[PDB]
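Descriptive analysis of the structure
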Amino acid sequence: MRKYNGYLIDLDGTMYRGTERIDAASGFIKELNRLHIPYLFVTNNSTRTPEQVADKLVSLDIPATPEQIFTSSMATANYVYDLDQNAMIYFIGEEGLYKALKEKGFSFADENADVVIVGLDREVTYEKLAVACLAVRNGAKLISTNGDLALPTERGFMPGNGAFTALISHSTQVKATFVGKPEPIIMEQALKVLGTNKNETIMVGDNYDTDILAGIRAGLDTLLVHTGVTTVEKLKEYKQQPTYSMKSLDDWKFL
Amino acid sequence: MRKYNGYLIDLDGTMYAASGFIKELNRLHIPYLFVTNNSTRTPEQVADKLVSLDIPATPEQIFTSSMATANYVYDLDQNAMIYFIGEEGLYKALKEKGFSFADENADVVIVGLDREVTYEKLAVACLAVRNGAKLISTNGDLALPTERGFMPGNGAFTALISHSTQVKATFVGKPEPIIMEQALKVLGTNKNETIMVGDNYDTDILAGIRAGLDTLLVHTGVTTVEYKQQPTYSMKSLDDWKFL
């Protein structure tokens, strides 16, 4: 008789920035656990495995198993698998994306691939990018895990997944299908794993333009936390708003 | 009293009737200069390839996007510390022009084709641009026709950097007038008596149009018989040119 019986919890934005937010997240998640409400954590990150992320969350007293971590790379592998499990895959990416594809038992190919998946590869080369262009020109579907153009690091803003997709898309004149937030495909793929009904599931996060917009577009109700007067006013001027805006996870009642 | 007393000539699918046309330019004593968006080869290498095809060319008759880019950057700042992505042709053009090189702290980032480019080389470019470096690209060609098919060209890599940093590049090569204005100076003829000859509307013809030069499109390369402004002349073969 709860309105919401499944929760999709964003891992990105500024959700866990600082001790107060970490503690609020710990409390919130522990309560979902006590109430036996199913949840999944959702992220665009492609530099950490589900095991690594779960291990980090548990270290922060936030209950999570690797099976509760759902990445855009997993979403992309799963989305492609359900459309064609016999597609030959060429991908650009790192271990998280390779693991996600391994899990689906794909065959892999280079210039004659059926599907080209572009993820972040911090060891990409001209040849890796060329093979993607040649396979697209041979008719492969072009799929991108994420659309980020730059990535914040300790050195500064480094090239992101989206910048490599743009290279391939410009060179081949073929548009990519993007999976990760703020696109909705990652959220439908998360709902598959969570198992709850769209109208009984809520996405919780604290970034609108990248993260919560994905839930809105996917048809899910959304809770945007860490809001303030100016941000609530700003969203009122946009086409779409979160279902609920609050200051803190501590304010949420389990409706 | 010829209408055209100087010729700018493409190599990106126009020279490789070409031998006959060039020879006639020599027999008629008419000055010419080959203008190429190639950023990887030296003029000696390009001239040798022409000579091997029985097309009269000296290295001094080759004007590449690397040469033009080095000249352009020298005009911006003779003492610029340069980070570049590229191969032999671009490196040699920049070194001959007297530049020193740098990485993240560079004053100017130049993007030329590098068929062994890596993430790190791209990242250094983005970091320097975000530090305030001017972003310059040798040429905007998005693909590169090869035996394997259409490989990514320099414009595709420039787009990557421009998208990541949110900074628009200044492009030197065709269809930009920068390479053309320099070529016109190297050739030493008046713009009113100079014609640009090429195969690709989107590079050669538009470069001529934007530079204020008459143009001859010969349908031996990219653009077929089948745009908002026509070339001054269009023909199937250089054999049809009447040396106006």
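Residue and element names in this part refer to chain A. The strand order across the open sheet built from six strands is 3-2-1-11-12-13, with neighbouring strands paired in parallel fashion. Since the sheet does not close on itself, it has two edges, and those belong to strand 3 (69-71) and strand 13 (244-245), each with one partner. In this sheet, strand 12 (residues 221-224) lies alongside strand 11 (residues 201-205) in parallel orientation, the contact comprising four bridges. Directly across from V204, in strand 12, lies its bridge partner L223. Its contacts with the sheet place helix 1 (residues 19-34) against strand 1 (6-10) and strand 2 (39-43), and it is angled at close to 160 degrees to strand 1. With respect to the sheet, helix 3 (residues 72-83) is in contact with strand 2 and strand 3, its orientation differing from that of strand 3 by roughly 70 degrees.

This paragraph deals with empty space enclosed by the protein. All names here are of chain A. A volume near 40 Å³ is recorded for the largest cavity. Lining the largest cavity are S46, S73, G93, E94, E95, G96, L97, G119, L120 and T145. For the lining of the largest cavity, the element with the highest residue contribution is helix 4 (residues 95-103), accounting for three residues. Considered class by class, the residues forming the lining of the largest cavity number two nonpolar, six polar and two charged.

All names here are of chain A. Two elements in contact, helix 3 and helix 4, have axes whose closest approach is 8 Å; the angle formed by their N-to-C orientations is 30 degrees. When the axis of helix 3 is compared with that of helix 4, the two are roughly parallel. As helix 3 packs across helix 4, the resulting crossing turns out to be right-handed. Two secondary-structure elements touch here, helix 3 through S73, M74 and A77 and helix 4 through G96, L97, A100 and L101. Of the residues belonging to the contact of helix 3 with helix 4, the class tally is five nonpolar, two polar and no charged.

All names here are of chain A. Here, the residues flagged by UniProt with the feature "active site" (unreviewed entry) are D10 and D12. Considering the arrangement of structural elements, one finds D10 in strand 1. For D10, the residues in contact, after removing those within four places along its chain, are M15, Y16, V42, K181, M203, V204, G205 and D211. A polar contact is formed between the side chain of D10 and the side chain of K181, at a distance of 2.6 Å. Locating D12 in the fold gives a position in the loop between strand 1 and helix 1. Once you skip the residues sitting within four places of it in the chain, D12 turns out to touch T43, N44, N45, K181, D206 and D211.

A separate point is the packing of aromatic side chains. Residues and elements named next belong to chain B. Summed over the entire model, instances satisfying the criterion amount to 25 aromatic pairs over all chains. Seen from their ring centres, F21 and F243 are 5.7 Å apart, and the 25 degrees between their planes marks the pair as stacked. Residue classification places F243 among the buried residues on the basis of a relative accessible area of 13%. Over the aromatic face of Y16 sits the side chain of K49, whose NZ or CZ is 3.9 Å from the ring centroid. Across from the ring centre of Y74, 5.8 Å away, lies the NZ or CZ of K97, which sits over that ring.

A word on the domain arrangement of chain A. All names here are of chain A. What the domain assignment reports for chain A is domain 1 (1-83 + 180-255) and domain 2 (84-179). If you average the C-alpha positions of domain 1 and of domain 2, the two centres end up 25 Å apart. Contact with domain 1, which involves 20 residues of that partner, is made by 20 residues of domain 2. With both chains or domains summed, domain 1 and domain 2 bury close to 1,700 Å², and 62% of this area falls on carbon and sulfur atoms. The largest per-residue losses of area from domain 1 upon contact with domain 2 belong to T76, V80 and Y81, which jointly make up 34% of the total buried on that side. Taken together, the connections running from domain 1 to domain 2 amount to zero salt bridges. Taken together, the connections running from domain 1 to domain 2 amount to eight residue pairs in polar contact. Broken down by secondary-structure element, the contributors of at least two residues to the side of domain 1 that touches domain 2 are helix 3 and helix 7 (185-194). Looking at the side of domain 1 that touches domain 2, the element that brings in the most residues is helix 3, giving twelve residues. Taken together, the residues that form the side of domain 1 that touches domain 2 break down as nine nonpolar, eight polar and three charged.

Definitions and limits used
- Residues numbered from 1 in each chain as written, not as in the entry; some residues may be left out.
- Chains lettered and ligands numbered in written order.
- Heavy atoms only, no water.
- Pairing = 2+ DSSP bridges.
- Helix = DSSP H or I, 4+ residues; strand = E, 2+ residues; numbered from the N terminus.
- Contact = heavy atoms within 4.5 Å.
- Axes fitted to C-alpha atoms, helices over the stretch in contact; angles between N-to-C directions.
- 1 Å grid on protein atoms, 1.4 Å probe; cavity = no way out; pocket = protein on both sides within 12 Å on 5 of 7 lines; lining within 4 Å.
- Points joined across faces, edges and corners; volume = space filled by probe spheres on them.
- Nonpolar A, V, L, I, M, F, W, Y, C, P; charged D, E, K, R; others polar.
- Parallel < 35°, antiparallel > 145°, perpendicular 65-115°, else oblique.
- Left-handed = near helix turned anticlockwise from the far one by under 90°.
- UniProt positions renumbered as here; feature names shortened; annotations may be inferred.
- Polar contact = N/O pair within 3.5 Å; in protein donor to acceptor, adjacent residues only side chain to side chain.
- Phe/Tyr/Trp six-rings, centres within 6.5 Å; stacked < 30°, edge-to-face > 60°.
- Buried < 20%, exposed > 50% of the residue type's maximum accessible area, 1.4 Å probe, protein only.
- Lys NZ or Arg CZ within 6 Å of the ring centre and 35° of its normal.
- Domains from an automatic or database assignment.
- Buried area = accessible area lost by both parts, 1.4 Å probe.
- Salt bridge = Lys/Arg side-chain N within 4 Å of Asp/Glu carboxyl O.

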